[PDB]
Amino acid sequence: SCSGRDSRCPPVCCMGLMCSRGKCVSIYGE
């Protein structure tokens, strides 16, 4: 599995997601 949008991260997030201080967010946008 992986941390999809809003999940605890990083480097836990899914491919394309990073972490807005603790919630996955699309690297593309931010």
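Determined via solution NMR.
Note that Cβ sites are derived from N, Cα and C of the backbone, with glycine treated the same way.
Feature annotations, reproduced from Swiss-Prot:
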type	residues	note
DISULFID	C2-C14	disulfide bond
DISULFID	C9-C19	disulfide bond
MOD_RES	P10	4-hydroxyproline
MOD_RES	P11	4-hydroxyproline
DISULFID	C13-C24	disulfide bond
Point to revise | Between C24 (disulfide bond) and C14 (disulfide bond): CA-CA distance (Å) | key: 8
Practice item. Translate the DSSP assignment of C14 (disulfide bond) into the three-state scheme. Key: coil
Exercise for review: Quick one: of the recorded positions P11, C13, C24, which has its CA closest to the CA of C2 (disulfide bond)?
Suggested key: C13
**Study point:** Around the Cβ of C14 (disulfide bond), the count of other Cβ atoms that are within 10 Å
**Key:** 14
Check your understanding: Counting only other Cβ atoms and using a 10 Å cut-off, which of the disulfide-bonded residues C2, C9, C13, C19, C24 scores lowest?
Key -> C2
Point to revise | Cα-to-Cα gap, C24 (disulfide bond) vs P10 (4-hydroxyproline), nearest whole Å | key: 8
Review point. How many whole Å apart are the CA atoms of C13 (disulfide bond) and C19 (disulfide bond)?
Key: 7
Review point. So which of the modified residues is most packed in, judged by how many other Cβ atoms lie within 10 Å of its Cβ, out of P10, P11?
Key: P10
